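Peer 1: Pasting a structure below so you can have a look.
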Amino acid sequence: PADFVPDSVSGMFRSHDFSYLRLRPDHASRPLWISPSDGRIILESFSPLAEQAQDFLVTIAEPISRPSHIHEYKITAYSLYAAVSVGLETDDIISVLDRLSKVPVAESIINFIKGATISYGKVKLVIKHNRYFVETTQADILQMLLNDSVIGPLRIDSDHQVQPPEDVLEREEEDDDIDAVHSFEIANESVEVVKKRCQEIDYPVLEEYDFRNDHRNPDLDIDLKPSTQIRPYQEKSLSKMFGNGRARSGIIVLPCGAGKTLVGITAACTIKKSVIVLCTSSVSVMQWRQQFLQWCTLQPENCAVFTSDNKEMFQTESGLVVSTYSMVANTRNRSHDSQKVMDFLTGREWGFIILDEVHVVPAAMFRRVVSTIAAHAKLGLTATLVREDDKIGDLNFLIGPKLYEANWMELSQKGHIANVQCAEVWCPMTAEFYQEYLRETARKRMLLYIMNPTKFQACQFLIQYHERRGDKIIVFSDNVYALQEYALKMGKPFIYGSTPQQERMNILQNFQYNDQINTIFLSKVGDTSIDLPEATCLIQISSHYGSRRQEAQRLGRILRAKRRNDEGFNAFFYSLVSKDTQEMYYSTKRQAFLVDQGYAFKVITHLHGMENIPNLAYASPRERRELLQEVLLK
Amino acid sequence: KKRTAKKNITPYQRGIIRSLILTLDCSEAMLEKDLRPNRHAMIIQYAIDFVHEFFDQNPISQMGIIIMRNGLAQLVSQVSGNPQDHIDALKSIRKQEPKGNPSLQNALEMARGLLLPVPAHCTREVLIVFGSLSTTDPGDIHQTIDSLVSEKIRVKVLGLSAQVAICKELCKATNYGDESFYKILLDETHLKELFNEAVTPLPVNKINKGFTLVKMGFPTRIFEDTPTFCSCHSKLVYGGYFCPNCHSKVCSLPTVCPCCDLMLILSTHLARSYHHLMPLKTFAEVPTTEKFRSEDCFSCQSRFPXXXXXXXXXXXXXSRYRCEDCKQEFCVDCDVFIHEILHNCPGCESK
Amino acid sequence: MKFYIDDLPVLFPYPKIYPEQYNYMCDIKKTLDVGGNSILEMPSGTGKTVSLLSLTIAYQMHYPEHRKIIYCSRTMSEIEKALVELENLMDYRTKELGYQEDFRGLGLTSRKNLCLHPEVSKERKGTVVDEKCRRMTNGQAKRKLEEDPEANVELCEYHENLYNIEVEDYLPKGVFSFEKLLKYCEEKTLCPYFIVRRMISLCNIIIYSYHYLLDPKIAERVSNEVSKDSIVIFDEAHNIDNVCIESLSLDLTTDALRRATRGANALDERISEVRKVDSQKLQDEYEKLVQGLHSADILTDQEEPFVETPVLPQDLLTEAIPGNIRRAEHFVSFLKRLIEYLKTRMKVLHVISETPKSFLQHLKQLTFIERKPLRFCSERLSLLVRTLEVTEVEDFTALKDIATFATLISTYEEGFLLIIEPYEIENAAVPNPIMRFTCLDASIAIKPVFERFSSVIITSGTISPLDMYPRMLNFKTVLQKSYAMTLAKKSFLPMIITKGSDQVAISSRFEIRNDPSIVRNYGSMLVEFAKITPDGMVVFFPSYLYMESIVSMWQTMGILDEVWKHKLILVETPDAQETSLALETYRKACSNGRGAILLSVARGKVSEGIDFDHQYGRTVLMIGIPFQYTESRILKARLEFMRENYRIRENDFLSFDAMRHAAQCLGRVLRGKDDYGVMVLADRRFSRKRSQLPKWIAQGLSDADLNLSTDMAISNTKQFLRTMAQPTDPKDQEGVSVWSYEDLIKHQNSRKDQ
Ligand code: SF4
Ligand SMILES: [Zn+2]
Ligand SMILES: [Zn+2]
Ligand SMILES: [Zn+2]
Ligand SMILES: [Zn+2]
């Protein structure tokens with residue numbers, strides 16, 4: 001395989017002892033408590049360099065715990081690659097951390113810290129005459145470059161040449177490290193094996209991307225305008241990928257629907273070569289290009305939206321294109337048009353591929369297409385930390401070292417979705433919910449507790465409260481017929497199942513532009529995928545919504561940027577869940593999920609004057625049972 | 001290396017009779033984040049602490065507050081000796097967020113008129129909270145500075161972490177040519193000492209001027225409860241004071257009676273001035289080799305004062321900061337308090 | 001203050017001293033003991049001319065041989081800076097010693113800057129004012145008023161009285177600066193130009209710019225009595241070679257040939273119409289050609305000369321006959337043939353490179369004028385024009401410039417190159433061709449300066465590196481000593497802003513136009529500093545053409561929108577009076593409460609002589625590193641000669657002058673030791689050019705200030721604004737580098753004499 005597990009070693013290396021665990025020598029004189037056993041850096045308030053330890057630890061590790069006084073750290077195996085790129089010294093990281101953190105630097109923690117600072121994310125790759133050579137930036141890389149089976153064995157004895165480095169660059173190593181060092185030019189066969197030998201020895205390399213030195217690929221028709229929006233999480237993903245001088249390829253997990261592709265297109269502009277965008281599914285290609293990409297300076301007519309059912313121009317574009325994995329290689333090959341793109345992707349030397357939510361598509365096709373396509377570099381703009389695409393070939397080492405992580409706590413607190421007040425509404429029970437819980441336990445009951453009139457009335461508090469507050473109210477309900485029955489009573493336009501698209505955006509038109517209509521009831525038609533709206537109060541009614549990885553994507557998706565800060569809590573979330581019903585387990589999974597995602601959590605069970613709110617239809621227990629039998633039809 | 005007062009403040013003359021009007025600034029420059037909450041919220045509180053201490057150390061003075069918003073000079077409290085009204089105005093200032101830029105010349109024009117009703121005996125002073133890097137002068141600001149120096153209106157400005165010549169020229173010009181009031185701030189504690197140094201009088205060189213012999217009164221207490229009344233506020237005052245001359249009731253305060261217009265002070269105004277006029281010499285740390293004192297304190301009982309034959313502990317220092325004339329040792333913590341609130345040296349008094 | 005250099009009692013004017021001066025003053029005396037040139041990188045933040053003059057002021061009262069001095073600078077602005085500071089020094093000398101100064105020094109600029117007649121002073125251009133005063137009193141025009149009364153010829157009324165009363169002694173006792181000389185001469189009906197032009201032979205110290213010691217048309221009044229045994233100081237001598245390049249350069253245009261043909265035709269009438277007026281006066285000057293080069297009445301005159309000589313001062317010019325062109329009519333013969341030959345040599349296919357000797361040979365076959373006769377045009381034109389008592393000169397201005405080229409072409413060769421581009425590359429493919437001629441070896445004018453001079457001093461605080469100067473100009477130095485600013489406080493932050501808010505490499509090398517990937521970062525830099533920085537911000541763009549697109553496209557977006565409200569912005573403009581009005585309204589704003597920002601050009605006039613004190617500058621921004629490759633291959637042709645005659649390549653020459661230009665602009669922000677301020681520089685290549693920065697600045701640029709973020713640099717200047725603005729005056733750490741009055745210098749420097 002061309003990927004190594006070292007990009008995803010996270011989730012392990014969190015375990016210590018008491019008699020086995022050694023008491024920290026720095027505990028007597030040290031501000032923080034960085035115990036290598038638990039993988040934590042408990043930075044106390046007395047630290048002389050508490051911010052520095054977080055900066056050094058943040059670059060190299062992941063802080064699992066976020067207490068006000070003392071913090072905690074989580075296992076991050078990929079942090080060696082990111083920690084190496086940041087610049088933390090191999091000895092320097094341990095020496096400062098051991099002295100500052102009270103927990104003494106353990107051999108495994110120090111060796112990994114010593115390895116992470118230098119060996120992790122500090123590989124050596126040479127290049128001569130604007131090409132790839134069998135060498136490295138340092139003396140170790142020069143021995144490493146010649147010691148590679150493809151880097152060294154597949155290398156010509158000539159140190160460097162203008163024609164070979166420009167053309168040939170055991171294939172053209174454009175995923176090499178910093179050039180202008182001792183090396184010797186290489187052959188042009190097997191970058192597949194070249195990235196296979198790197199991962200087996202587990203050597204995370206600080207790769208470069210020298211587009212200007214590649215004569216085989218001409219300069220493509222790219223309309224270089226950065227006029228697209230730039231956002232606090234977007235520039236550093238550019239900056240860290242670009243670094244100094246040449247750019248590189250890697251994994252940058254981003255919020256979907258928050259201009260995730262914006263870094264890639266701007267990164268595509270800088271490299272000036274063949275770039276393609278891969279999306280989750282074909283229907284997303286047109287919907288997402290129509291939802292934000294018009295303001296973007298990318299060219300819709302040149303970026304042929306590959307769908308395999310509607311036909312555009314292919315194998316003929318002089319510039320960039322936008323497609324999906326399903327269009328690339330899946331059972332969703334509607335015709336031979338998709339396979340014709342795949343054949344052209346081999347004859348054309350494609351240097352950059354933008355990925356949008358790879359996790360939905362299994363990675364097995366990712367390796368199949370790469371070998372035939374003969375790609376130079378890639379970019380996987382995923383969203384989820386845990387995924388099914390952790391096969392033998394890790395997409396991190398398949399593409400390159402990670403640069404920036406989807407720090408959702410940064411974007412849900414900086415003004416877009418700041419002050420995330422997650423709630424789970426426990427609507428008061430009654431006889432029929434208890435009658436329905438005992439009689440039947442099948443999943444057909446999934447809508448027989450959703451139909452709670454107090455849930456709708458609990459929503460109606462959020463309807464009246466947030467419209468009075470000038471906020472935005474979003475309701476999530478995978479059902480259709482019962483959801484349609486909901487908002488007719490309150491007599492307002494509302495999103496519903498199989499809504500006409502022009503009407504729903506017209507409902508959205510009164511939603512985020514006008515304040516009188518502010519409640520929108522998104523169905524399962526929302527994902528995947530449609531325009532994820534600006535979120536100020538999100539209501540989720542369906543709580544199973546398999547699987548949990550979809551929930552992380554859906555939680556990040558609908559909860560979107562809100563450019564409004566009047567209230568102290570400018571981003572509400574509510575989980576209207578009937579209690580003493582089946583959704584106890586499903587809701588309690590969400591309750592742990594939101595707090596584990598980092599968002600602030602609360603429980604809203606007592607509305608301000610619950611029984612005095614308007615539209616008291618079906619409030620009495622008798623009327624609620626009648627609707628439950630109507631929902632039996634669904 | 002020792003950081004204390006150099007030799008001694010020679011007790012001849014200090015300014016107790018004064019009317020210091022601080023000019024705050026609520027400008028979009030103060031919206032820029034330098035302090036912990038922001039520039040605007042933090043400075044107000046340290047001025048709030050400044051006001052009470054200014055009344056604490058200079059109770060025979062009056063206070064005024066000036067704010068600068070949107071390039072306009074705005075007063076929130078007239079020059080007066082009322083601590084609570086000044087804070088109340090600052091709360092509304094605290095409640096609001098800054099906007100615009102400061103207007104130096106308008107404040108200087110405001111300052112000249114504002115201290116015109118200030119009496120001759122009260123030493124004129126205007127405190128400028130100037131933090132931004134620009135002003136708004138609708139005329140010749142060099143003319144008004146020429147007016148304040150000619151009319152004997154000294155100006156001390158409290159600049160933020162920025163240095164401007166016009167403010168430095170303003171400090172130099174008004175203060176009888178002296179350029180020693182241009183200290184700036186860089187920290188939470190750093191800005192407070194500028195206010196705290198403004199709490200104490202500011203002598204550099206007092207010139208020979210026509211001194212005024214002024215008349216002032218001492219009030220008398222009241223005790224009535226059911227007959228609760230006062231002739232100053234005309235409210236239900238269950239306790240107050242009385243001028244010996246006008247027999248017009250006033251609340252329990254140093255408030256000047258509104259009938260015969262003579263200054264009223266109870267005990268603090270004369271006494272708070274007395275400790276300011278004649279400060280004693282600072283209790284410098286007496287040498288450990290030249291201590292010749294017992295292992296304890298004298299003003300209080302601090303037995304800790306000698307490590308004795310303990311390497312880098314012995315030959316260090318000692319809690320033996322002794323007063324000069326009194327020749328009595330005292331701990332550094334104690335001897336600091338000896339010159340912090342009340343001078344009241346034990347060895348000097350115990351004679 | 002009165003300290004010694006073991007032989008010189010120095011009457012130092014500042015009560016406090018600066019160790020960099022003492023290091024400068026100690027070694028500069030050794031240069032005076034054993035003659036050299038002694039490039040000394042004296043700090044510019046320190047007062048360089050304060051001890052530069054004061055030591056030399058004490059030089060004359062002790063050393064009795066060097067009765068004359070030369071102070072030469074790039075602009076008259078630094079001449080008067082010397083004048084204003086030195087004027088106090090002479091009065092400071094009288095304050096301590098009594099009456100022992102006996103010093104005379106006046107600035108020499110021109111007729112334009114020192115004219116007092118309201119009729120003459122109206123005009124703006126100096127030459128027109130120079131022409132009006134010269135025609136007001138000319139060796140052939142002013143005689144036509146005294147002998148016969150007329151309204152055609154007026155009188156200066158100030159040269160008239162100078163001709164009567166001023167040239168009998170020296171000015172009474174004042175050491176007049178530009179401001180002081182203007183005031184004195186206004187009330188006493190005198191024009192200050194004719195004083196100092198005559199005062200060359202009487203000034204114990206002579207004050208004039210670099211041109212009047214180097215430029216051949218104006219340096220004909222140089223006196224060996226003030227040149228043989230004198231001491232010469234070159235102030236801001238970093239821009240010395242560039243001036244010499246212009247001295248032997250000249251362009252032409254297709255419009256000018258129409259004027260040149262006008263002058264050729266109009267003078268043809270002029271010389272012929274006066275023939276019937278006085279034909280014997282015409283021929284009388286012909287017998288003046290056979291005898292010699294007209295020496296009796298071409299050089300021994302008070303006012304007569306009209307045509308300037310671009311050749312070296314009369315040494316590189318034979319005195320033989322100028323061919324058979326003696327006749328007035330026959331003068332027309334070769335004039336019209338040569339003007340036609342140059343026109344087809346003005347419409348050349350493209351830039352062609354021929355040795356200027358070969359141009360004479362190609363001329364020789366088309367128009368048979370031998371090289372030796374053609375060298376005599378300059379003294380010919382004055383010999384002929386004087387006879388015609390010409391009254392109209394407008395179309396004749398082309399005659400003096402073309403004939404200036406005629407003297408140059410027949411005399412200079414194998415060091416220069418002739419080029420004729422058919423158009424300007426920025427406005428290519430048009431009938432606007434140039435007779436391009438530019439100087440390739442500046443040392444031809446430099447060497448004769450060192451040929452006669454014995455005491456010479458070269459000093460500049462921006463020269464970096466200091467080693468190519470002796471090899472470029474071919475002069476002998478002995479004391480190459482460098483100075484680093486030793487202070488107890490930083491007071492300056494040279495910055496290497498490679499990465500901006502986008503963290504993208506910023507420069508101006510990529511193009512000479514605007515682009516959203518680049519322009520949004522520079523503007524975001526300007527606004528972010530405008531929020532925080534204190535009053536006084538000066539920037540120096542690489543070129544003025546670059547800035548016009550920069551500001552106009554800045555106006556398109558709302559990036560300046562917040563910059564509008566922060567400070568007061570005044571722009572550098574092609575007209576000098578407006579920019580001086582812009583700059584005079586910049587300094588007042590900076591001193592006043594409101595903040596101000598100035599924008600200028602690295603190659604502009606601002607970087608030449610302008611100073612910026614505390615208020616006038618606190619944070620200076622440098623958009624990129626200025627490369628002067630924008631123009632046509634003229635400089636490429638110029639650069640080739642430097643590559644083979646000297647071992648200085650394009651890469652070494654380009655960056656080292658660019659940083660020299662960069663270091664020239666930066667140091668203006670600091671005035672004294674007390675002065676402080678950040679000097680930010682924004683280009684990626686500034687990482688590599690840390691070597692080209694001056695050692696005093698380069699030392700301040702540690703390896704930790706490379707490729708900073710500008711927002712971090714905002715924090716860096718935020719910390720600078722927090723730290724430096726503090727009135728930190730410990731007064732005990734001063735004495736290490738402040739050397740309080742007459743105490744620590746005598747105490748400590750005796751330990752330094754080892
Ligand atoms: S006489 Fe003197 S002042 Fe008058 S125009 Fe001539 S040079 Fe100028
Ligand atoms: Zn009352
Ligand atoms: Zn009274
Ligand atoms: Zn005492
Ligand atoms: Zn004590």
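Following the order of the structure tokens, first chain is A, next is B, and so on, with residues numbered from 1 inside each chain and ligands from 1 in the order they appear.
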Mind checking which residues fall within 12 Å of range 112-115 of chain A, counting only C-alpha atoms, ignoring those fewer than 5 positions away in the same chain, and posting them as number ranges by chain?

Peer 2: A: 6, 9, 13, 36, 39, 56-57, 59-61, 75-81, 83-84, 88-98, 105-107, 120-123, 202-204

Peer 1: With N, CA and C atoms kept, could you save the residues just selected as a compact mmCIF listing (two decimals), in the first residue's frame?

Peer 2:
```txt
# COMPACT_ATOMS: atom_id res chain seq x y z
N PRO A 6 0.86 5.65 10.29
CA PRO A 6 1.39 6.74 11.12
C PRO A 6 0.62 8.05 11.01
N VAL A 9 -2.42 7.61 14.08
CA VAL A 9 -2.08 6.89 15.30
C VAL A 9 -2.85 7.49 16.47
N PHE A 13 -1.98 5.62 22.94
CA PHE A 13 -0.92 6.25 23.72
C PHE A 13 -1.49 7.10 24.86
N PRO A 36 3.37 11.86 30.32
CA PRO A 36 3.38 11.09 29.07
C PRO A 36 2.47 9.87 29.09
N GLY A 39 -0.89 11.01 28.09
CA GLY A 39 -0.83 11.84 26.91
C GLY A 39 -1.29 13.26 27.12
N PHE A 56 3.62 24.76 21.83
CA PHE A 56 4.45 23.62 21.46
C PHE A 56 3.64 22.33 21.44
N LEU A 57 2.76 22.15 22.43
CA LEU A 57 1.94 20.94 22.47
C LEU A 57 0.85 20.98 21.40
N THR A 59 0.97 22.38 18.45
CA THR A 59 1.55 22.09 17.15
C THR A 59 1.83 20.61 16.97
N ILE A 60 2.14 19.90 18.05
CA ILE A 60 2.59 18.52 17.98
C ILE A 60 1.53 17.53 18.44
N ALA A 61 0.63 17.94 19.33
CA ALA A 61 -0.36 17.04 19.92
C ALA A 61 -1.76 17.62 19.76
N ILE A 75 -4.49 11.45 22.41
CA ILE A 75 -3.51 10.77 21.57
C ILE A 75 -3.62 11.32 20.15
N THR A 76 -2.47 11.67 19.57
CA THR A 76 -2.42 12.14 18.19
C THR A 76 -1.16 11.56 17.54
N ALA A 77 -1.34 10.51 16.74
CA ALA A 77 -0.20 9.91 16.04
C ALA A 77 0.21 10.75 14.84
N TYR A 78 -0.76 11.35 14.14
CA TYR A 78 -0.43 12.21 13.01
C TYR A 78 0.24 13.51 13.46
N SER A 79 0.20 13.80 14.76
CA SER A 79 0.77 15.04 15.27
C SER A 79 2.28 15.11 15.03
N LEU A 80 2.93 13.96 14.86
CA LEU A 80 4.35 13.98 14.53
C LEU A 80 4.60 14.68 13.20
N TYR A 81 3.76 14.40 12.19
CA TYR A 81 3.90 15.06 10.90
C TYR A 81 3.60 16.55 11.00
N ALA A 83 3.61 18.26 13.89
CA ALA A 83 4.59 18.80 14.83
C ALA A 83 5.94 19.04 14.15
N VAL A 84 6.33 18.14 13.25
CA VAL A 84 7.58 18.33 12.51
C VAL A 84 7.51 19.58 11.64
N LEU A 88 8.94 22.50 16.04
CA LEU A 88 9.34 22.15 17.40
C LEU A 88 10.51 21.18 17.35
N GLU A 89 11.57 21.49 18.10
CA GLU A 89 12.78 20.69 18.06
C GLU A 89 12.54 19.31 18.64
N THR A 90 13.28 18.32 18.13
CA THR A 90 13.16 16.96 18.65
C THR A 90 13.60 16.90 20.11
N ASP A 91 14.79 17.41 20.41
CA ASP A 91 15.20 17.55 21.80
C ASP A 91 14.52 18.75 22.45
N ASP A 92 14.29 19.82 21.67
CA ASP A 92 13.73 21.04 22.23
C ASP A 92 12.32 20.83 22.75
N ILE A 93 11.51 20.04 22.04
CA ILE A 93 10.14 19.80 22.47
C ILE A 93 10.12 19.08 23.82
N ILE A 94 10.97 18.07 23.98
CA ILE A 94 11.02 17.33 25.24
C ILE A 94 11.62 18.18 26.35
N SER A 95 12.70 18.91 26.06
CA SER A 95 13.40 19.66 27.10
C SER A 95 12.51 20.75 27.70
N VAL A 96 11.81 21.50 26.85
CA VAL A 96 10.90 22.52 27.36
C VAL A 96 9.68 21.88 28.03
N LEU A 97 9.12 20.84 27.40
CA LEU A 97 7.92 20.21 27.94
C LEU A 97 8.21 19.48 29.24
N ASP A 98 9.35 18.78 29.32
CA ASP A 98 9.70 18.08 30.56
C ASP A 98 9.91 19.06 31.71
N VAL A 105 9.35 13.75 31.41
CA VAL A 105 9.31 13.27 30.03
C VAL A 105 9.74 11.82 30.01
N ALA A 106 8.81 10.92 29.71
CA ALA A 106 9.10 9.50 29.66
C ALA A 106 9.89 9.16 28.40
N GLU A 107 10.53 7.99 28.43
CA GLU A 107 11.31 7.55 27.28
C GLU A 107 10.43 7.40 26.04
N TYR A 120 9.67 12.68 12.87
CA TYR A 120 8.29 12.83 12.42
C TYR A 120 8.14 14.16 11.69
N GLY A 121 7.70 14.10 10.44
CA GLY A 121 7.53 15.32 9.66
C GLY A 121 8.80 16.10 9.43
N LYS A 122 9.94 15.41 9.29
CA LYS A 122 11.20 16.07 9.00
C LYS A 122 12.05 15.26 8.03
N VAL A 123 11.41 14.50 7.14
CA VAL A 123 12.15 13.66 6.20
C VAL A 123 12.95 14.52 5.23
N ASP A 202 7.78 4.05 7.53
CA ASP A 202 7.07 5.03 8.36
C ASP A 202 7.89 6.31 8.54
N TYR A 203 8.09 7.00 7.41
CA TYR A 203 8.88 8.23 7.37
C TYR A 203 8.02 9.37 6.85
N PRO A 204 7.35 10.12 7.74
CA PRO A 204 6.60 11.30 7.30
C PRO A 204 7.50 12.41 6.77
```

Peer 1: Enumerate residues in contact with ligand 4: an atom-to-atom distance of at most 6 Å, counting only C-alpha atoms and all ligand atoms. Format the result as a PyMOL selection string.

Peer 2: chain B and resi 323+325-326+345+347-348

Peer 1: Which residues are near ligand 3 - at most 6 Å, using only C-alpha atoms and all ligand atoms? Format: as a ChimeraX atom specification.

Peer 2: /B:243,245-246,257,259-260

Peer 1: Would you kindly return, as a ChimeraX atom specification, each protein, DNA or RNA residue with an atom no farther than 10 Å from any atom of range 330-334 of chain A, considering only C-alpha atoms and excluding same-chain residues fewer than 4 positions away?

Peer 2: /A:281-282,307-310,325-326,338-339,361-362,364-365

Peer 1: Would you mind exporting the chosen residues as a PDB file, in the first residue's frame, restricted to N, CA, C and O atoms?

Peer 2:
```pdb
ATOM      1  N   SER A 281     -20.939  13.431  -3.999  1.00  0.00           N
ATOM      2  CA  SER A 281     -21.794  12.758  -4.968  1.00  0.00           C
ATOM      3  C   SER A 281     -22.040  13.684  -6.150  1.00  0.00           C
ATOM      4  O   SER A 281     -21.747  14.881  -6.101  1.00  0.00           O
ATOM      5  N   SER A 282     -22.583  13.106  -7.225  1.00  0.00           N
ATOM      6  CA  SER A 282     -22.795  13.863  -8.455  1.00  0.00           C
ATOM      7  C   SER A 282     -23.800  14.993  -8.261  1.00  0.00           C
ATOM      8  O   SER A 282     -23.603  16.097  -8.783  1.00  0.00           O
ATOM      9  N   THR A 307     -21.273  14.698 -13.890  1.00  0.00           N
ATOM     10  CA  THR A 307     -22.423  14.115 -13.212  1.00  0.00           C
ATOM     11  C   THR A 307     -22.717  12.718 -13.742  1.00  0.00           C
ATOM     12  O   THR A 307     -23.261  11.878 -13.018  1.00  0.00           O
ATOM     13  N   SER A 308     -22.344  12.465 -14.998  1.00  0.00           N
ATOM     14  CA  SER A 308     -22.518  11.224 -15.762  1.00  0.00           C
ATOM     15  C   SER A 308     -23.937  11.057 -16.308  1.00  0.00           C
ATOM     16  O   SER A 308     -24.177  10.106 -17.066  1.00  0.00           O
ATOM     17  N   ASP A 309     -24.878  11.936 -15.963  1.00  0.00           N
ATOM     18  CA  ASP A 309     -26.227  11.917 -16.522  1.00  0.00           C
ATOM     19  C   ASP A 309     -26.503  13.130 -17.394  1.00  0.00           C
ATOM     20  O   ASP A 309     -27.093  12.994 -18.473  1.00  0.00           O
ATOM     21  N   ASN A 310     -26.109  14.320 -16.945  1.00  0.00           N
ATOM     22  CA  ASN A 310     -26.083  15.508 -17.788  1.00  0.00           C
ATOM     23  C   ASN A 310     -24.672  15.659 -18.345  1.00  0.00           C
ATOM     24  O   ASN A 310     -23.696  15.609 -17.591  1.00  0.00           O
ATOM     25  N   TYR A 325     -16.231  11.703  -6.422  1.00  0.00           N
ATOM     26  CA  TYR A 325     -15.722  10.334  -6.417  1.00  0.00           C
ATOM     27  C   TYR A 325     -16.693   9.393  -7.115  1.00  0.00           C
ATOM     28  O   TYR A 325     -16.275   8.487  -7.847  1.00  0.00           O
ATOM     29  N   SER A 326     -17.995   9.582  -6.886  1.00  0.00           N
ATOM     30  CA  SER A 326     -18.991   8.735  -7.532  1.00  0.00           C
ATOM     31  C   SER A 326     -18.874   8.823  -9.050  1.00  0.00           C
ATOM     32  O   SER A 326     -19.028   7.816  -9.751  1.00  0.00           O
ATOM     33  N   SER A 338     -18.001   8.600 -17.689  1.00  0.00           N
ATOM     34  CA  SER A 338     -17.124   8.646 -16.525  1.00  0.00           C
ATOM     35  C   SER A 338     -15.825   7.896 -16.781  1.00  0.00           C
ATOM     36  O   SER A 338     -14.740   8.376 -16.434  1.00  0.00           O
ATOM     37  N   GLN A 339     -15.917   6.715 -17.395  1.00  0.00           N
ATOM     38  CA  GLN A 339     -14.723   5.928 -17.679  1.00  0.00           C
ATOM     39  C   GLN A 339     -13.842   6.623 -18.708  1.00  0.00           C
ATOM     40  O   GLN A 339     -12.619   6.448 -18.710  1.00  0.00           O
ATOM     41  N   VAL A 361     -17.483   7.767   0.310  1.00  0.00           N
ATOM     42  CA  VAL A 361     -17.011   6.810  -0.688  1.00  0.00           C
ATOM     43  C   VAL A 361     -15.887   5.969  -0.090  1.00  0.00           C
ATOM     44  O   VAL A 361     -14.927   6.523   0.463  1.00  0.00           O
ATOM     45  N   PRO A 362     -15.964   4.641  -0.163  1.00  0.00           N
ATOM     46  CA  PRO A 362     -14.872   3.814   0.358  1.00  0.00           C
ATOM     47  C   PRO A 362     -13.564   4.092  -0.368  1.00  0.00           C
ATOM     48  O   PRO A 362     -13.539   4.420  -1.556  1.00  0.00           O
ATOM     49  N   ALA A 364     -11.224   2.155  -1.298  1.00  0.00           N
ATOM     50  CA  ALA A 364     -10.680   1.146  -2.203  1.00  0.00           C
ATOM     51  C   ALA A 364     -10.598   1.666  -3.634  1.00  0.00           C
ATOM     52  O   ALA A 364      -9.669   1.324  -4.375  1.00  0.00           O
ATOM     53  N   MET A 365     -11.560   2.498  -4.042  1.00  0.00           N
ATOM     54  CA  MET A 365     -11.481   3.105  -5.365  1.00  0.00           C
ATOM     55  C   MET A 365     -10.403   4.180  -5.422  1.00  0.00           C
ATOM     56  O   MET A 365      -9.874   4.463  -6.503  1.00  0.00           O
TER      57      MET A 365
END
```

Peer 1: Have a look at CA of residue 124 in chain A and CA of residue 241 in chain A and let me know their distance in Å, one decimal.

Peer 2: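 Calculated distance between CA of residue 124 in chain A and CA of residue 241 in chain A is 17.4 Å.
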
Peer 1: Produce as a count of residues only the set of residues near ligand 1, where near means within 10 Å with only C-alpha atoms and all ligand atoms considered.

Peer 2: 41

Peer 1: Hey, which residues come within 9 Å of ligand 2 if we count only C-alpha atoms and all ligand atoms? Could you give them as JSON, numbers by chain?

Peer 2: {"B": [229, 230, 231, 232, 233, 234, 235, 236, 237, 239, 240, 241, 249, 250, 251, 252]}

Peer 1: Please check the contacts: residues of chain C at most 9 Å away from chain A, using only C-alpha atoms, listed as a list in words.

Peer 2: residues 501, 502, 503, 504, 505, 515, 516 and 517 of chain C
